[PDB]
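K.L.:
Okay, handing you the structure first.
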Amino acid sequence: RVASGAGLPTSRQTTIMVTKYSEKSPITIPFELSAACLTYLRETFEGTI
Amino acid sequence: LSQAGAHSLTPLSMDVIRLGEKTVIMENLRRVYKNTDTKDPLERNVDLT
């Protein structure tokens, strides 16, 4: 506030209270594998090169 | 009045300009009226007819 001269209107005390909120935005991405890839990853047959 | 002056003096930083062997201080009073109700008396209206 600024003090005023005699006779002028004066400034009232003022309190301002404010609230602020958050926001949400998720992301995603897929990846895929083949049945043959999983078969050879999980198990092995008669050992060969 | 002159001998009533204060004795101690403090240093503080400000900008000056040279105007023909005359140095003057430059200031803006934005700080004083930053969020107050009073208007800056250096911002004025002018009428032309």
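Here's how to read the names in the structure tokens: chain A, B, ... by the order shown, residue numbers from 1 in each chain, ligand numbers from 1 in the order shown.
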Taking a cut-off of 10 Å and counting only C-alpha atoms, can you build a table that, for each residue of chain B near range 6-18 of chain A, reports the nearest atom pair and how far apart they are in Å (one decimal), sorted by chain then residue number, as JSON lines?
P.N.:
{"residue": "B:36", "atom": "CA", "partner": "A:11", "partner_atom": "CA", "distance": 8.6}
{"residue": "B:37", "atom": "CA", "partner": "A:11", "partner_atom": "CA", "distance": 6.9}
{"residue": "B:38", "atom": "CA", "partner": "A:11", "partner_atom": "CA", "distance": 8.4}
K.L.:
Can you check which residues of chain A have any atom within 9 Å of chain B? Use only C-alpha atoms and format it as a list in words.
P.N.:
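On the chain A side, the interface is residues 1, 2, 4 and 11 of chain A.
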